[PDB]
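Structure file coords.csv (CSV, C-alpha atoms and all ligand atoms) is printed below.
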```csv
chain,number,residue,atom,x,y,z
D,1,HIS,CA,29.6,61.8,29.7
D,2,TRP,CA,33.4,60.7,30.1
D,3,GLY,CA,35.0,62.0,33.2
D,4,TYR,CA,37.1,60.9,36.1
D,5,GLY,CA,34.7,58.9,38.3
D,6,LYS,CA,34.3,55.2,39.0
D,7,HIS,CA,31.9,54.6,36.2
D,8,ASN,CA,33.2,57.0,33.5
D,9,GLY,CA,36.9,57.4,34.3
D,10,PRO,CA,40.1,56.7,32.3
D,11,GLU,CA,39.7,52.9,32.3
D,12,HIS,CA,36.3,53.3,30.4
D,13,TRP,CA,37.4,55.8,27.8
D,14,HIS,CA,38.4,53.2,25.2
D,15,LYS,CA,34.8,52.2,24.6
D,16,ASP,CA,34.0,55.6,23.1
D,17,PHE,CA,37.5,56.4,22.0
D,18,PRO,CA,39.3,53.3,20.9
D,19,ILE,CA,42.6,55.2,20.3
D,20,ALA,CA,42.8,55.1,24.1
D,21,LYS,CA,44.6,51.8,23.5
D,22,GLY,CA,46.7,53.2,20.7
D,23,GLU,CA,50.5,53.2,20.0
D,24,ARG,CA,51.3,56.8,21.1
D,25,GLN,CA,49.1,57.5,24.2
D,26,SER,CA,49.9,60.0,26.9
D,27,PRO,CA,50.8,60.5,29.7
D,28,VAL,CA,53.7,58.1,30.3
D,29,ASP,CA,56.2,57.4,33.1
D,30,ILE,CA,59.5,59.1,32.4
D,31,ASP,CA,62.2,56.6,33.3
D,32,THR,CA,65.1,59.0,33.8
D,33,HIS,CA,67.7,56.3,33.4
D,34,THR,CA,66.4,55.1,30.1
D,35,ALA,CA,65.8,58.5,28.6
D,36,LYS,CA,68.4,59.3,26.0
D,37,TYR,CA,70.4,62.5,26.2
D,38,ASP,CA,70.2,64.0,22.7
D,39,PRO,CA,72.9,66.7,22.1
D,40,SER,CA,71.2,67.7,18.8
D,41,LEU,CA,68.1,69.0,20.8
D,42,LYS,CA,68.0,72.8,20.8
D,43,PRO,CA,67.0,75.0,23.8
D,44,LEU,CA,63.3,75.7,23.9
D,45,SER,CA,62.3,79.2,22.7
D,46,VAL,CA,59.4,80.5,24.8
D,47,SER,CA,58.2,83.9,23.5
D,48,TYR,CA,55.4,85.0,25.7
D,49,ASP,CA,56.0,88.8,25.8
D,50,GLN,CA,53.0,89.7,23.8
D,51,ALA,CA,50.6,87.1,25.2
D,52,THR,CA,46.9,88.1,25.4
D,53,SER,CA,45.0,86.1,27.8
D,54,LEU,CA,41.3,86.6,27.4
D,55,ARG,CA,39.1,84.4,29.6
D,56,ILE,CA,39.1,81.6,32.1
D,57,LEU,CA,36.6,78.7,31.7
D,58,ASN,CA,35.5,75.8,33.9
D,59,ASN,CA,34.7,73.2,31.2
D,60,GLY,CA,33.7,70.4,33.6
D,61,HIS,CA,37.1,68.6,33.4
D,62,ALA,CA,39.6,71.4,34.3
D,63,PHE,CA,39.7,75.2,34.0
D,64,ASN,CA,41.3,76.6,30.9
D,65,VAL,CA,43.0,80.0,30.7
D,66,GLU,CA,42.5,81.0,27.1
D,67,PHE,CA,44.6,83.2,24.8
D,68,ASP,CA,44.2,85.1,21.6
D,69,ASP,CA,45.8,82.8,19.1
D,70,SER,CA,44.9,84.8,15.9
D,71,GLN,CA,48.4,86.2,15.6
D,72,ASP,CA,51.9,85.0,16.7
D,73,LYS,CA,51.7,86.6,20.1
D,74,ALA,CA,52.7,83.8,22.5
D,75,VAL,CA,54.7,81.1,20.6
D,76,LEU,CA,56.8,78.1,21.3
D,77,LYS,CA,59.7,77.2,19.0
D,78,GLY,CA,63.0,75.3,19.1
D,79,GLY,CA,63.6,72.4,21.3
D,80,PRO,CA,62.4,69.3,19.4
D,81,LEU,CA,60.1,71.4,17.2
D,82,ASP,CA,60.6,72.3,13.6
D,83,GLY,CA,57.9,75.0,13.4
D,84,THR,CA,56.1,77.8,15.2
D,85,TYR,CA,53.4,76.8,17.7
D,86,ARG,CA,50.9,79.3,19.1
D,87,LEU,CA,49.6,79.2,22.7
D,88,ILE,CA,45.8,78.6,22.8
D,89,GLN,CA,45.2,77.7,26.5
D,90,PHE,CA,46.7,76.3,29.6
D,91,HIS,CA,45.1,74.2,32.3
D,92,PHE,CA,46.1,71.9,35.2
D,93,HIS,CA,45.5,68.4,36.5
D,94,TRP,CA,45.6,67.9,40.2
D,95,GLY,CA,44.8,65.4,43.0
D,96,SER,CA,42.6,65.1,46.0
D,97,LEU,CA,45.8,64.7,48.1
D,98,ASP,CA,49.2,66.2,47.7
D,99,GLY,CA,50.7,62.7,46.9
D,100,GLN,CA,49.0,62.5,43.5
D,101,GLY,CA,47.7,64.7,40.7
D,102,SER,CA,50.2,64.7,37.9
D,103,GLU,CA,49.7,62.8,34.6
D,104,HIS,CA,53.3,62.3,33.8
D,105,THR,CA,55.4,60.6,36.4
D,106,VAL,CA,59.2,60.7,36.9
D,107,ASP,CA,60.6,57.3,38.0
D,108,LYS,CA,57.1,56.6,39.1
D,109,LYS,CA,56.9,59.7,41.3
D,110,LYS,CA,53.6,61.5,41.2
D,111,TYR,CA,53.6,65.3,41.7
D,112,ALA,CA,50.7,67.2,43.3
D,113,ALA,CA,49.6,68.7,40.0
D,114,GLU,CA,50.7,69.3,36.4
D,115,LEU,CA,50.4,72.4,34.2
D,116,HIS,CA,49.8,71.9,30.4
D,117,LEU,CA,50.5,74.9,28.1
D,118,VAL,CA,48.8,73.9,24.8
D,119,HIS,CA,50.2,75.2,21.5
D,120,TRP,CA,49.3,74.4,17.9
D,121,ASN,CA,51.4,74.4,14.8
D,122,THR,CA,50.7,77.4,12.7
D,123,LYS,CA,51.3,75.5,9.4
D,124,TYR,CA,47.9,73.9,10.0
D,125,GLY,CA,46.0,77.2,10.3
D,126,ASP,CA,43.9,76.5,13.4
D,127,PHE,CA,43.7,74.2,16.4
D,128,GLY,CA,40.9,72.0,15.0
D,129,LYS,CA,43.0,71.2,11.9
D,130,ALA,CA,46.2,70.8,14.0
D,131,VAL,CA,44.8,68.1,16.2
D,132,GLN,CA,44.3,65.9,13.0
D,133,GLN,CA,48.1,65.9,12.4
D,134,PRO,CA,50.9,63.9,14.0
D,135,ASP,CA,52.9,67.2,14.6
D,136,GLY,CA,49.9,69.3,15.2
D,137,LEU,CA,50.4,70.3,18.9
D,138,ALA,CA,53.2,71.0,21.3
D,139,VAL,CA,52.3,70.8,24.9
D,140,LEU,CA,54.7,72.1,27.6
D,141,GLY,CA,54.2,70.2,30.8
D,142,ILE,CA,55.3,71.5,34.1
D,143,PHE,CA,55.1,69.7,37.4
D,144,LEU,CA,53.8,71.3,40.6
D,145,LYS,CA,54.9,70.4,44.1
D,146,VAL,CA,53.5,71.8,47.3
D,147,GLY,CA,55.9,74.1,49.2
D,148,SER,CA,56.3,77.8,48.9
D,149,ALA,CA,53.6,79.8,47.0
D,150,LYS,CA,53.9,80.6,43.3
D,151,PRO,CA,53.2,84.4,43.2
D,152,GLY,CA,52.5,84.2,39.5
D,153,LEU,CA,49.7,81.7,40.1
D,154,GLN,CA,47.7,83.7,42.7
D,155,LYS,CA,45.7,85.7,40.1
D,156,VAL,CA,44.4,82.4,38.7
D,157,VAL,CA,43.6,81.0,42.2
D,158,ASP,CA,41.7,84.1,43.2
D,159,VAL,CA,39.3,84.0,40.2
D,160,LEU,CA,38.3,80.3,40.7
D,161,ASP,CA,35.4,81.3,43.0
D,162,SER,CA,33.8,83.0,40.0
D,163,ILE,CA,34.0,79.8,37.9
D,164,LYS,CA,33.1,77.2,40.5
D,165,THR,CA,30.9,75.1,38.3
D,166,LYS,CA,30.9,73.6,34.8
D,167,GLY,CA,30.2,76.1,32.0
D,168,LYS,CA,31.1,79.3,34.0
D,169,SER,CA,33.6,81.6,32.5
D,170,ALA,CA,35.1,85.0,33.5
D,171,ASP,CA,37.1,87.7,31.8
D,172,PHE,CA,40.8,87.0,32.5
D,173,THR,CA,42.9,89.6,30.7
D,174,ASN,CA,46.5,90.6,31.1
D,175,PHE,CA,47.7,87.4,32.7
D,176,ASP,CA,51.3,86.7,32.1
D,177,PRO,CA,52.1,82.9,31.7
D,178,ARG,CA,55.8,83.6,32.2
D,179,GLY,CA,55.0,83.7,35.9
D,180,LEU,CA,54.3,80.0,35.8
D,181,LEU,CA,57.6,78.8,34.5
D,182,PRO,CA,60.5,77.4,36.6
D,183,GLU,CA,64.0,78.7,36.3
D,184,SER,CA,65.4,76.0,34.0
D,185,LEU,CA,64.0,75.0,30.6
D,186,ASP,CA,65.7,71.6,30.6
D,187,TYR,CA,63.2,69.1,29.3
D,188,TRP,CA,62.3,65.6,28.2
D,189,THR,CA,60.4,65.0,24.9
D,190,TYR,CA,58.5,62.3,23.3
D,191,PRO,CA,55.6,61.8,20.8
D,192,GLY,CA,52.2,61.3,22.3
D,193,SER,CA,48.6,62.3,22.6
D,194,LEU,CA,45.9,64.5,24.1
D,195,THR,CA,45.3,63.1,27.7
D,196,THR,CA,41.6,63.7,27.5
D,197,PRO,CA,39.1,62.5,24.9
D,198,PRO,CA,39.3,62.5,21.9
D,199,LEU,CA,42.9,61.3,22.9
D,200,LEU,CA,44.2,62.2,19.4
D,201,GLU,CA,47.8,61.2,18.7
D,202,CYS,CA,48.9,64.7,17.7
D,203,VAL,CA,51.2,66.0,20.4
D,204,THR,CA,55.0,66.6,20.7
D,205,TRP,CA,55.3,66.5,24.5
D,206,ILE,CA,57.9,68.7,26.2
D,207,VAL,CA,58.0,68.0,29.9
D,208,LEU,CA,60.2,70.3,32.0
D,209,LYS,CA,62.6,68.7,34.5
D,210,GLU,CA,62.3,71.4,37.1
D,211,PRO,CA,58.9,71.6,39.0
D,212,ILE,CA,57.4,74.8,40.3
D,213,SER,CA,56.3,75.1,43.9
D,214,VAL,CA,52.8,76.2,44.9
D,215,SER,CA,51.5,76.6,48.4
D,216,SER,CA,49.1,74.2,50.1
D,217,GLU,CA,46.5,77.1,50.1
D,218,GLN,CA,46.9,77.5,46.3
D,219,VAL,CA,46.2,73.8,45.6
D,220,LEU,CA,43.4,73.8,48.2
D,221,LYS,CA,41.6,76.3,46.0
D,222,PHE,CA,41.9,74.1,42.9
D,223,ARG,CA,40.2,71.4,45.0
D,224,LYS,CA,37.1,73.6,45.7
D,225,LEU,CA,36.1,73.7,42.0
D,226,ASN,CA,33.3,71.5,40.9
D,227,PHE,CA,32.9,69.1,38.0
D,228,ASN,CA,29.1,69.6,38.0
D,229,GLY,CA,27.1,72.5,36.8
D,230,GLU,CA,25.3,75.0,39.0
D,231,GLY,CA,22.2,73.5,40.6
D,232,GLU,CA,23.4,70.0,40.4
D,233,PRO,CA,24.8,67.8,43.2
D,234,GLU,CA,28.3,69.0,44.1
D,235,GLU,CA,31.2,66.8,42.9
D,236,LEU,CA,34.6,68.3,43.7
D,237,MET,CA,36.9,68.8,40.8
D,238,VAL,CA,39.8,66.6,42.1
D,239,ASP,CA,41.8,63.7,40.6
D,240,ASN,CA,41.2,64.9,37.0
D,241,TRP,CA,44.4,63.1,35.8
D,242,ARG,CA,44.8,60.2,33.4
D,243,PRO,CA,47.4,57.6,34.7
D,244,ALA,CA,50.5,56.7,32.8
D,245,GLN,CA,50.0,54.7,29.6
D,246,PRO,CA,52.3,52.1,28.0
D,247,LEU,CA,55.3,53.6,26.3
D,248,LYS,CA,55.2,51.0,23.5
D,249,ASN,CA,57.6,51.7,20.6
D,250,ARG,CA,58.7,55.2,21.9
D,251,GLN,CA,61.9,56.8,23.0
D,252,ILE,CA,62.0,59.7,25.5
D,253,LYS,CA,64.8,62.1,24.8
D,254,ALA,CA,66.5,64.5,27.3
D,255,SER,CA,67.9,67.9,26.5
D,256,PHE,CA,70.3,67.7,29.4
D,257,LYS,CA,72.9,65.3,30.8
J,1,ZN,ZN,46.1,68.5,30.2
```

Taking this structure as input, can you express it in the form of structure tokens?
Amino acid sequence: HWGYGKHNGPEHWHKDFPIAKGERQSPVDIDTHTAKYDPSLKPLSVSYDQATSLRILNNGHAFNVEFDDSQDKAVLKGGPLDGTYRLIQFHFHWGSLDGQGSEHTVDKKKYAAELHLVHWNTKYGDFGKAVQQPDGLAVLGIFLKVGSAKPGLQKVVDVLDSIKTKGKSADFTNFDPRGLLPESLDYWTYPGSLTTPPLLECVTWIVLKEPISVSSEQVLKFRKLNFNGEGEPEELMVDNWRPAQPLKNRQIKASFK
């Protein structure tokens, strides 16, 4: 169907999803000199103490670590947000080479990968209703660079062998997403979209300034995943990132000077 290849990749998505050419598409390049420091932006509140991970799934485009979102167990508030948003899943985008893989860029710099922690606004009741609203989602984006290992990532890396191909899932309980955060919660924010079809313009993006470091071995394991299902020709799950889209009539704000 849509994907990341030569014949079905991002430049083709507008044919099935015309919002791909819309006014608030993501990702974008973050021009750090043009972003506006906004002193009215509050610190982010990340409350992940009671998070309940359940499962990890290869969906053919990335792998999602899924959470129980039927109660306020893992929530994001504050920052640019005016409500309570519940964590539903996180996943990554990454490259075939360490020099690319992120979706957002910073002064045109591409990082090796990018983590998206996806949350939905509880005033809309469920994720499927939230994506139909302009303030439905809050996505926390975190850049990954290759250097020292991230100890909190290793449990994810080690299960990937069990979900090599599209449609495979595995039990994945007791995973603590706090182990994926950098030290600082300084962030940029702007209004945008899902970065995969259906590309809905429902996201408040919150992109952290500080990257996390992961080891070369950790990202190598991401690159052993497959886009295909079992019993089909092997297509490595790499370069599953959408490039930067036009900023159009949007302002990126910074929580820091
Ligand atoms: Zn994503």

(message) One decimal, in Å: what's the spacing between atom CA of residue 51 of chain D and atom CA of residue 219 of chain D?
(response) 24.7 Å

(message) Please identify all protein, DNA and RNA residues within 12 Å of ligand ZN 1 (chain J), counting all atoms listed in the file, and report them as an MDAnalysis selection string.
(response) chainID D and resid 26:27 61:65 89:94 101:104 113:119 138:143 193:197 199 203 205 207 240:243

(request) Identify, on the basis of all atoms listed in the file, every residue whose closest approach to residue 223 of chain D does not exceed 7 Å; exclude the query and any residue fewer than 3 positions from it along the same chain; express the result as a ChimeraX atom specification. (result) /D:96,219-220,236-238

(message) Between D:254, D:44, D:56, D:181, which residue has the minimum interatomic distance to residue 79 of chain D, considering all atoms listed in the file?
(response) D:44

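Closest approach to residue 40 of chain D among D:74, D:28, D:54, D:81: D:81, based on only C-alpha atoms.
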
(request) Starting from the point (46.4, 80.6, 14.0), work out which residues of protein, DNA or RNA have an atom no more than 7 Å away when counting all atoms listed in the file; state them as a PyMOL selection string. (result) chain D and resi 69-71+86+122+125-126

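For the choices D:221, D:37, D:130, D:176, the atom-to-atom distance to residue 152 of chain D is smallest for D:176 when using only C-alpha atoms.
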
(message) Can you measure atom CA of residue 82 of chain D to atom CA of residue 256 of chain D for me? One decimal in Å is fine.
(response) 19.1 Å

(message) I'd like the interatomic distance between atom CA of residue 165 of chain D and atom CA of residue 232 of chain D, to a tenth of an Å.
(response) 9.3 Å

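The closest residue to residue 252 of chain D, picked from D:85, D:222, D:227, D:187 and counting all atoms listed in the file, is D:187.
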
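Closest to residue 148 of chain D among D:217, D:31, D:171, D:210 is D:217, based on only C-alpha atoms.
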
Please identify all polymer residues within 10 Å of residue 108 of chain D, counting all atoms listed in the file, omitting same-chain residues fewer than 2 positions from it, and present them as an mmCIF file with C-alpha atoms, in the frame of the given file.
```
data_model
loop_
_atom_site.group_PDB
_atom_site.id
_atom_site.type_symbol
_atom_site.label_atom_id
_atom_site.label_comp_id
_atom_site.auth_asym_id
_atom_site.auth_seq_id
_atom_site.Cartn_x
_atom_site.Cartn_y
_atom_site.Cartn_z
ATOM 1 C CA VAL D 28 53.700 58.100 30.300
ATOM 2 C CA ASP D 29 56.200 57.400 33.100
ATOM 3 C CA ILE D 30 59.500 59.100 32.400
ATOM 4 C CA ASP D 31 62.200 56.600 33.300
ATOM 5 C CA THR D 32 65.100 59.000 33.800
ATOM 6 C CA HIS D 104 53.300 62.300 33.800
ATOM 7 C CA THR D 105 55.400 60.600 36.400
ATOM 8 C CA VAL D 106 59.200 60.700 36.900
ATOM 9 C CA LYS D 110 53.600 61.500 41.200
ATOM 10 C CA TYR D 111 53.600 65.300 41.700
ATOM 11 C CA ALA D 244 50.500 56.700 32.800
#
```

(message) Env of residue 5 of chain D: 9 Å cut, atoms = all atoms listed in the file, seq-sep filter 4 positions within chain, self excluded. Answer as a ChimeraX atom specification.
(response) /D:9-10,239-240

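Residue nearest residue 127 of chain D within the list D:112, D:57, D:208, D:88: D:88 [criterion: smallest interatomic distance, only C-alpha atoms].
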
(message) Given the point (50.4, 64.5, 12.3) in the coordinates of this file, which residues lie within 12 Å, counting all atoms listed in the file, and how would they look as a count of residues only?
(response) 23

Segment 151-167 of chain D rebuilt with N, CA, C and O atoms, output as an mmCIF file, in the coordinates of the input:
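See selection14.cif below for the written result:
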```
data_model
loop_
_atom_site.group_PDB
_atom_site.id
_atom_site.type_symbol
_atom_site.label_atom_id
_atom_site.label_comp_id
_atom_site.auth_asym_id
_atom_site.auth_seq_id
_atom_site.Cartn_x
_atom_site.Cartn_y
_atom_site.Cartn_z
ATOM 1 N N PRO D 151 53.945 83.083 43.276
ATOM 2 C CA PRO D 151 53.200 84.400 43.200
ATOM 3 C C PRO D 151 52.495 84.565 41.908
ATOM 4 O O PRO D 151 51.371 85.087 41.907
ATOM 5 N N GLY D 152 53.070 84.090 40.803
ATOM 6 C CA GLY D 152 52.500 84.200 39.500
ATOM 7 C C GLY D 152 51.202 83.430 39.280
ATOM 8 O O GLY D 152 50.530 83.630 38.261
ATOM 9 N N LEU D 153 50.903 82.496 40.176
ATOM 10 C CA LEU D 153 49.700 81.700 40.100
ATOM 11 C C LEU D 153 48.516 82.348 40.856
ATOM 12 O O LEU D 153 47.359 81.954 40.643
ATOM 13 N N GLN D 154 48.777 83.298 41.750
ATOM 14 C CA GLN D 154 47.700 83.700 42.700
ATOM 15 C C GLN D 154 46.547 84.371 41.902
ATOM 16 O O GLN D 154 45.393 84.197 42.307
ATOM 17 N N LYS D 155 46.805 85.118 40.822
ATOM 18 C CA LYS D 155 45.700 85.700 40.100
ATOM 19 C C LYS D 155 44.737 84.651 39.550
ATOM 20 O O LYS D 155 43.517 84.874 39.500
ATOM 21 N N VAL D 156 45.278 83.497 39.149
ATOM 22 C CA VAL D 156 44.400 82.400 38.700
ATOM 23 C C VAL D 156 43.631 81.867 39.917
ATOM 24 O O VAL D 156 42.402 81.740 39.849
ATOM 25 N N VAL D 157 44.308 81.602 41.033
ATOM 26 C CA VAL D 157 43.600 81.000 42.200
ATOM 27 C C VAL D 157 42.481 81.898 42.642
ATOM 28 O O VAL D 157 41.400 81.416 43.012
ATOM 29 N N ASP D 158 42.681 83.206 42.590
ATOM 30 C CA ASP D 158 41.700 84.100 43.200
ATOM 31 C C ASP D 158 40.436 84.246 42.333
ATOM 32 O O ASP D 158 39.411 84.703 42.861
ATOM 33 N N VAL D 159 40.495 83.914 41.043
ATOM 34 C CA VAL D 159 39.300 84.000 40.200
ATOM 35 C C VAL D 159 38.477 82.719 40.234
ATOM 36 O O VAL D 159 37.356 82.700 39.703
ATOM 37 N N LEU D 160 38.991 81.638 40.834
ATOM 38 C CA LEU D 160 38.300 80.300 40.700
ATOM 39 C C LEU D 160 36.939 80.354 41.384
ATOM 40 O O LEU D 160 36.055 79.603 40.965
ATOM 41 N N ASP D 161 36.744 81.183 42.417
ATOM 42 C CA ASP D 161 35.400 81.300 43.000
ATOM 43 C C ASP D 161 34.364 81.742 42.055
ATOM 44 O O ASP D 161 33.178 81.442 42.254
ATOM 45 N N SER D 162 34.756 82.484 41.015
ATOM 46 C CA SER D 162 33.800 83.000 40.000
ATOM 47 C C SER D 162 33.492 81.951 38.939
ATOM 48 O O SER D 162 32.580 82.202 38.141
ATOM 49 N N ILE D 163 34.221 80.832 38.876
ATOM 50 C CA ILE D 163 34.000 79.800 37.900
ATOM 51 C C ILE D 163 33.845 78.445 38.530
ATOM 52 O O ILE D 163 34.414 77.446 38.063
ATOM 53 N N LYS D 164 33.106 78.405 39.650
ATOM 54 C CA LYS D 164 33.100 77.200 40.500
ATOM 55 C C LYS D 164 32.614 76.000 39.723
ATOM 56 O O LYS D 164 33.101 74.886 39.929
ATOM 57 N N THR D 165 31.617 76.200 38.870
ATOM 58 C CA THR D 165 30.900 75.100 38.300
ATOM 59 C C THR D 165 31.038 75.080 36.738
ATOM 60 O O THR D 165 31.367 76.082 36.092
ATOM 61 N N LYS D 166 30.773 73.900 36.198
ATOM 62 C CA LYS D 166 30.900 73.600 34.800
ATOM 63 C C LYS D 166 30.131 74.636 33.925
ATOM 64 O O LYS D 166 28.952 74.911 34.189
ATOM 65 N N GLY D 167 30.813 75.205 32.918
ATOM 66 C CA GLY D 167 30.200 76.100 32.000
ATOM 67 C C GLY D 167 30.354 77.597 32.390
ATOM 68 O O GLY D 167 29.988 78.476 31.605
#
```
